[PDB]
Amino acid sequence: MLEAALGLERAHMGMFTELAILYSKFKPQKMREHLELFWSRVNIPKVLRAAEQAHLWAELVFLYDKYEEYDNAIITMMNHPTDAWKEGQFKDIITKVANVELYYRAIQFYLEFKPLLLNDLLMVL
Amino acid sequence: XXXXXXXXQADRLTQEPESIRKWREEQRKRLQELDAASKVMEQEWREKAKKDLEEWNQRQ
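Sequences listed follow chains B and D, in order. Going by the deposited numbering, the final residue of the first sequence carries number 1426, and the count climbs one at a time with no gaps. Taking the deposited numbering, I'd label the letters of the second sequence as residues 65 to 72, 91 to 142.
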C-alpha cells in the first residue's frame, strides 16, 4: 500500500521508515533496494533495532556508513565477512574513525589471514 | 455517546505466535555465515600457508 502513498504529493518521513520495519525481518533482497534510494527521508536509531533485528549486514552496514558511524559499519565486516564486505569497500571507512584500536584487530581479518592486498591495506593508513 | 466516548488481544494466536514464523525461518536464515566462515576460512588461510611456503622455496 505504502507502495503508492509515498508517491503522493503529500509524502512524509514516517512512511519510508515504517516501510523498512517490513523490508527488515521479512523481505531481505529488496530491503537494500529501498535504503540506497530513501536514506535522507527516514529515521536511523530506531531502524537499527529493526536492522540488528534483521542482520541484513549488506544494507545494515551502509546505514552506519552514511550515518557516519564507521566504527560500527567497519565492525559489520568482522563477524559478517561474506555478507557486506567489499574488498576496498572496507578501505574507505576506517580512515574516518577516531579509535585506532579497531585497525590492529582489523589487520587480523586481513593481515591475520588476508595476504596479498592486506599490504595495500597498509597504504592509506 | 457512551460507546465511543466510554471507550475513549481478543484471540492471541495467529495474532501473536505468527511471530514465531518470521522468527522461525530467520534463525535458519541465521545459520550460514558463521559455519560458512571457518569452512571457507579453512581452505583459504591454509592456501595462504602454502603461498608463503612456495615463497620460501623459489626464493631459496
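All C-beta atoms, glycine included, are put in the ideal place defined by N, C-alpha and C.
Taking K1328 (chain B) as the centre and dropping the five residues before and after it, the same chain places no C-beta closer than 6 Å to its C-beta.
Every alpha helix (DSSP H) stretch that sits fully inside the region 97-133 of chain D and reaches 4 residues is listed by chain position as 101-109. Only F1414, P1416 from the region 1399-1425 of chain B bring a Cβ to less than 7 Å from some Cβ of chain D. By the 16-neighbour rule on beta-carbons within 10 angstroms, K104 (chain D) is exposed. Burial check for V1362 (chain B): the Cβ neighbour count within 10 Å reaches 16 or more, so the residue is buried. Our two residues, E136 (chain D) and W1386 (chain B), have alpha carbons roughly 29 Å apart in a direct line. With contacts defined as CB atoms closer than 8 Å, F1414 (chain B) and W127 (chain D) qualify as a contacting pair. For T1377 (chain B), no Cβ of chain D is located within less than 8 Å of the residue's own Cβ. Only those residues of the region 109-123 of chain D whose C-beta falls short of 9 Å from the nearest C-beta of chain B are listed: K111, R112, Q114, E115, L116, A118, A119, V122, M123. Here the alpha carbons of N1344 (chain B) and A1305 (chain B) stand approximately 20 Å from one another.
Here the alpha carbons of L1418 (chain B) and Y1324 (chain B) stand approximately 35 Å from one another. Scanning D:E108, D:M123, D:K130 for the CA closest to the CA of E1353 (chain B) turns up D:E108. Closer than 8 Å to the CB of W127 (chain D) there is at least one CB belonging to chain B. Chain-ordered, the chain B residues with CB closer than 9 Å to the CB of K133 (chain D) read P1416, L1417. Shortest Cα-Cα distance from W1340 (chain B) to any of B:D1421, B:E1319, B:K1326, B:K1367 involves B:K1367. Counting of Cβ neighbours within 10 angstroms places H1313 (chain B) among the exposed residues, the total staying below 16. Residue-level contact by beta carbon fails for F1363 (chain B) and chain D, as no gap is shorter than 8 Å.
The C-beta distance from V1425 (chain B) to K1392 (chain B) rounds to 6 Å, short enough to fall under 8 Å. A check of alpha carbon separations from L1357 (chain B) across B:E1402, B:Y1405, B:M1378, B:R1311 identifies B:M1378 as the nearest.
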